[PDB]
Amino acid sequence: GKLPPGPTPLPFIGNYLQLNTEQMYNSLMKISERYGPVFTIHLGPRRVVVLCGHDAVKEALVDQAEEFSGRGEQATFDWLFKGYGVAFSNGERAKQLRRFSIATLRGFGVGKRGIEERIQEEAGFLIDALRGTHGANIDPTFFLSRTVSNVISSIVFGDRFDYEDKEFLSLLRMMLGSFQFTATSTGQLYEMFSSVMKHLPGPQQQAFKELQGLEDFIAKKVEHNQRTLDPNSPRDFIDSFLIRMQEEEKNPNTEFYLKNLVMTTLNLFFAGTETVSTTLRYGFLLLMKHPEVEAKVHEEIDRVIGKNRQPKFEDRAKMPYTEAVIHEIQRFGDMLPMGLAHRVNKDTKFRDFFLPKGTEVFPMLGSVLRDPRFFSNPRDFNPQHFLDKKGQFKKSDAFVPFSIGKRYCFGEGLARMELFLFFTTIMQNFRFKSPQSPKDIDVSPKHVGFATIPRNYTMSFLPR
């Protein structure tokens, strides 16, 4: 009959006094130690029920999947999305957009054997660009992002970008900056205080222009497809969506119309770029700091695949150690520490608590990736976390970086394959050197907010 207990809030500022916007995850975790694994917090005027640990997150998003499947808010993005598109929508809109996106994506080979050649081909170009650096110290950021991005770009636009295309880099800076903004102290103040801050000068204004620039580029690309549309030969995700829009022109209550097309396409292009990219970046830093772990990956690539042929997704089954390393890089990297907010569809009873309809919910995936009964050394980089006695791959019920339940990341299939093919191909060809001794390397995060951003760094790609 009652809400989950929590610290007393003040009018408008909510629980701003018990929260440090530079490290929200730590704040919310401190409050958990006092109040328990399920609690109520006020992010400014927003009432949020917070879930910590494997159990409370699973009992909500799995055992009570339908009730907890609404989408909560993410102030910075909502500035742009305003409830349109697959990722920021609710109800019938979310369900039609999701069901359309998963089937259309699957049809383009995504998550099946079909997108595979295209990932091997794009790995190949990156190896080439990496030879082109001659072993210099470089910031790997945009090298990796061009590559990852071209995979989803093919799928939604129809072709990859040239690596030297200047607009491309521009787009890549718009993504990086706006995503990175949500990880900052001001980006977290924005979650609490968007009603005033959207009208105030600050880094938020940069993030908006960057988003608006990403929306404008998508709208332009859609006009191009629209005035060259062959329904009997869809080139890409946008064409498919436009074809379904044609089919649904005589339904006045359809979710399939321009704004949703533009917003869904952005959702896929932005998420299909930024997360995998950052995960690669984080992981190459984790590997230079754990050279012995790098070297056991090497041993597997060398024994199982060798130096001549391209790696393939099927090789994973005989590479338990690489697979554990990628898993443990995703775990340690904790890309979305509070996932995407949810909300409850209706009046919901959850363990003795009552949650009124529309109550926001933070599933704290970071606290699942660090739950001390599922991982022996949660705050350490330890690949043994996903390995048994024998050295065979050991799955974990608490490996939840793509979230779980009805709104789980349907990019998961693409990501798993991109990470696997991108790590093995890169490391088949190059071992890594930083201008720092392993002891000096700081793998603690630069920013922690909506996302976990690794620190700035440089490295060299040295042929093996």
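Here, rigid core means the biggest group of C-alpha atoms that superpose within 1.5 Å across both forms. Residues carry their position along the shown sequence, with the first being 1.
Once the rigid core is used to overlay the structures in 4 other deposited structures of this protein, the stretch among 106 to 114 and 383 to 391 whose CA atoms lie farther from this form is 106 to 114. Of the two segments 212 to 220 and 227 to 235, the one whose CA positions lie farther from the displayed form in 4 other deposited structures of this protein, once all are superposed on the rigid core, is 227 to 235. Comparing 125 to 133 with 194 to 202, the stretch with the higher mean C-alpha B-factor in the PDB entry is 125 to 133.
A summary of the deposited B-factors shows that, of 67 to 75 and 306 to 314, the stretch with the larger mean C-alpha value is 306 to 314. The top Cα temperature factor in the record, among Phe39, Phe399, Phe410, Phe432, falls on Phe432.
Across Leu105, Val361, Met245, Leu355, the entry's maximum B-factor at the CA atom is seen for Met245. When all modelled residues of the chain are sorted by CA temperature factor, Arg416 is found within the middle third. Residue-level temperature factors show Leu10 in the lowest third of its chain, judged at the C-alpha atom. In the deposited entry, the Cα temperature factor of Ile326 places it in the middle third of its chain's modelled residues. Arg46: CA B factor in the lowest third of modelled residues in this chain (values from the PDB entry). Among the modelled residues of the chain, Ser154 sits in the middle third by CA temperature factor in this PDB entry.
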